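**Q**
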Amino acid sequence: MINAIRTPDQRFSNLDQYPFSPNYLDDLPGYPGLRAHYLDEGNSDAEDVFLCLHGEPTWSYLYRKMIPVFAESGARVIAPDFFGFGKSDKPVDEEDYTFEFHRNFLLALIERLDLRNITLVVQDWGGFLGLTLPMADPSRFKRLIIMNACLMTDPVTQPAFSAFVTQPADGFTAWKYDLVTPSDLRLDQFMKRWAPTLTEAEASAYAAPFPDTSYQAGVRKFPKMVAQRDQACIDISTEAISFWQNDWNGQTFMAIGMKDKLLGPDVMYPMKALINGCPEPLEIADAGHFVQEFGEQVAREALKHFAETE
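Under the deposited numbering, the residue at position 17 of the sequence shown is numbered 17, and the numbers go up by one with no gaps.
1. Near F164, which residues of its chain fall below 6 angstroms by C-beta distance, leaving aside the five closest residues on each side in sequence?
2. Starting from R193 and walking both ways along the alpha helix (DSSP H), at which residues does that stretch end?
3. Since I believe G257 is in contact with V291 (beta carbons under 8 angstroms), could you give me their beta-carbon distance rounded to a whole number of angstroms?
4. Can you find a heavy atom of the ligand FAD that lies under 8 angstroms from the Cβ of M225?
5. Buried or exposed, going by whether 16 or more other CB atoms sit within 10 Å of the CB of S139?
6. Please list, in chain order, all residues of the same chain as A208 whose beta carbon is under 6 angstroms from its beta carbon, the five residues on each side excluded.
7. Taking Cβ positions, are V219 and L187 nearer each other than 9 angstroms?
8. Quick check: what's the CA-CA separation for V156 versus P8?
9. Here's the rule I'm using: 16 or more other beta-carbon atoms within 10 Å means buried, otherwise exposed. How should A203 be labelled?
10. Hey, which unbroken runs of the alpha helix (DSSP H) at 4 residues or more fall wholly within the segment 64-152?
11. For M254, which beta-bridge partners are listed by DSSP?
12. Note down the Cα distance separating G30 from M135, rounded to an integer number of angstroms.
13. Would you mind sorting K224 into buried or exposed? The rule is 16 or more other CB atoms within 10 Å of its CB.
14. Around the Cβ of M1, are there at least 16 other Cβ atoms within 10 angstroms (buried) or fewer (exposed)?
15. Drop a sphere of 10 angstroms on the beta-carbon of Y269, count the other beta-carbons inside from all chains shown, and report buried for 16 or more, exposed for fewer.
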C-alpha cells in the first residue's frame, strides 16, 4: 500500500557505539506492512520509561550516549526511529510524510507497547511532534526532558517559534538549503558541519541509513514542513500550548545547546515560560543543535534533578 524501501542490514554492520539490539514492529494500525525499528533498553518491567525521540536528519543513534545512563538508573528506554530514518522502512514519496503520519505513528507505538510512566525526551522534530502527545492521553506521561525544540504554532500566537525560519541567514535558512537542494546529499558531511565534534565514525553512522537519494524523501520533507506549516499541524501545536501551560503537572528538566543557531535561547526561553513548572535550564555552552552529542551530562543531570523529587 504505501510504497517504501528498506535500507539493507549490512549498512549498519560497523556502527560506532551502537550495540543495541533491534526490535521491530510491522503490524501497526494505520501503517500496514511498514516495519518500524525501535530500541528497547534496560528492565522491560521498569516502572519508569524514557521515550527518546529523534529529529532531522538523525535516528535513535543520536541517543547512544544517553541510553546507558537512563538504563543503569533502573528505567526502560524506548528510542524509535521515525518512518524514513534509521532502521525503519522509508516511504519513497515525499507526499506521504506529513505531521499526522508522524504523530499518529507515535500514538500507535505508545498504545501497542502500552507505555506508561513516560519520561518524554525530545529535541528538534522529536520535540515539534513529541510535545503534542501528552495531551492525547495525559495519564501516560509523568516527566519531560526538553532540549532545543519548540511548537510548530502560527506566526501570530508565538513569533519566537516562527522567526528563526527567516533569520539568521546562517541558521534555519542554511540548514534547509543544505538538506533539500543537493541532489547528492551526504549526511556525514552535513552532520560534521552542524555537529563539529563528531568523529568520522560517528558522522558516517548518520549516513548509514541512506545508501542513495531514493532513501531520503523523509529527510527532505521535514524541513519543508517547518517552512510550510499545514493547518492540522498549526491547530495541534496550538492546542499543545494550552496543555503545557494549564494541564501539565509533571516534572520538567530543560537543557539548551547555546551555540544552536536554530532553536537556541531565543526559542528555549519563551518555551520555558509556556511549560508549567519548568525549572531553570541547564545551559550547555559547547553544545550546538545536537545537544544529545553532549548527552551523558544532560542525562546525569536530569536524573539528578528528578530524584531530588521522589
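Don't be surprised by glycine CBs; every beta carbon is placed ideally from N, CA and C.
**A** Let's see:
1. Translated into the one-based positions of the sequence shown, residue 164 becomes position 164. Taken in chain order, the residues that qualify are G171, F172 and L262.
2. Within the sequence shown, numbered from 1, the residue matching residue 193 stands at position 193. Here the alpha helix (DSSP H) through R193 covers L187 to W194.
3. In the sequence shown, the residue the question calls residue 291 occupies position 291. In the sequence shown, the residue the question calls residue 257 occupies position 257. Contact between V291 and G257 holds: their C-beta atoms lie close to 4 angstroms from each other, under 8 angstroms.
4. Only the bare structure without any ligand can be found here, which leaves the ligand FAD out of the picture.
5. The count along the sequence shown starts at 1 and reaches residue 139 at position 139. It counts as exposed.
6. As a working note, residue 208 is residue 208 in the sequence shown. Around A208: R11 and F12.
7. As a position in the sequence shown, residue 219 is number 219, starting the count at 1. As a position in the sequence shown, residue 187 is number 187, starting the count at 1. With contacts defined by Cβ atoms closer than 9 angstroms, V219 and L187 form a contacting pair.
8. Taking the sequence shown and counting its residues from 1, the one referred to as residue 156 is at position 156. Taking the sequence shown and counting its residues from 1, the one referred to as residue 8 is at position 8. Distance between the alpha carbons of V156 and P8 is about 44 angstroms.
9. As a first step, residue 203 must be located in the sequence shown, where it is residue number 203. Of the residues assessed, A203 falls on the buried side of the cut-off, its CB having 16 or more other CB atoms within 10 angstroms.
10. Whole alpha helix (DSSP H) segments, 4+ residues: 67-72, 99-112 and 124-130.
11. Taking the first residue of the sequence shown as position 1, residue 254 is located at position 254. Bridge pairing for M254: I146 [DSSP].
12. Residue 30 sits at position 30 when you count from the first residue of the sequence shown. Residue 135 sits at position 135 when you count from the first residue of the sequence shown. Whole-angstrom Cα-Cα distance: 20 angstroms.
13. Along the sequence shown, one-based indexing puts residue 224 at 224. Exposure of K224 is indicated by the presence of fewer than 16 other C-beta atoms within 10 angstroms of its C-beta.
14. Numbered from its first residue, the sequence shown carries residue 1 at position 1. With fewer than 16 other beta carbons inside 10 angstroms of its own, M1 counts as exposed.
15. Working through the sequence shown from its first residue, we reach residue 269 at position 269. Counting Cβ neighbours within 10 Å, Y269 comes out exposed, since fewer than 16 surround it.
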